[PDB]
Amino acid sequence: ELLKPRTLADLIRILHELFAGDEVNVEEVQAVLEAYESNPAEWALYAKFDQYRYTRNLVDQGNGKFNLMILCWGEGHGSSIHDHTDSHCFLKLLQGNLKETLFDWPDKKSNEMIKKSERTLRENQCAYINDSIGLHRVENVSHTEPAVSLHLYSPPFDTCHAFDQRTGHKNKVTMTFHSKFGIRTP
């Protein structure tokens, strides 16, 4: 029985129920994330921006089943083209808009990675990606509005690959947290 999360804390409690077992009902997780109506006062603690690039702010560790984090995207900040390390990845907009560009996995031959599609993710919409679907880039293309998104990854992962758009070549990158549970973590 999926109920509407009344608050961020209620959402977290519901997520612990949805991840109590060993598998993931993607459609139910996405539905509950979509149904949470972003309330800025509930997540202000985690919305810690950096001037130069987007930040990752850990909210909950899901009793080991998932990482739940808030990403804070300054104007013009964006990600690499990246994978998700054999994990489910849900992305819900809490504030602003983000452009998501999808790419196929590269072949062995060095070639330009050509986007397969793009879409604008708007406030409160929850999207989903996994390595079977493909790779993506996420960007705040706004000149005037910072964006904030809520991301859930299951299982949690500390590393992933960035792909060079000119060649498809990949490099391993380690995820760094700007803060954890509201506390800045150098």
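The numbering used is simple: start at 1 and walk along the sequence shown.
- Higher average CA B factor: 110-118, of the stretches 88-96 and 110-118.
- 4-12 and 175-183 differ in mean CA B-factor, and the higher of the two is recorded for 175-183.
- Looking only at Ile133, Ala44, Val148, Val59, the residue with the top Cα B factor in the deposited structure is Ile133.
- Among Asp50, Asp158, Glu37, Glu27, the highest C-alpha B-factor recorded in the PDB entry belongs to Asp158.
- Sort the chain's modelled residues by C-alpha temperature factor and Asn63 lands in the highest third, per the entry.
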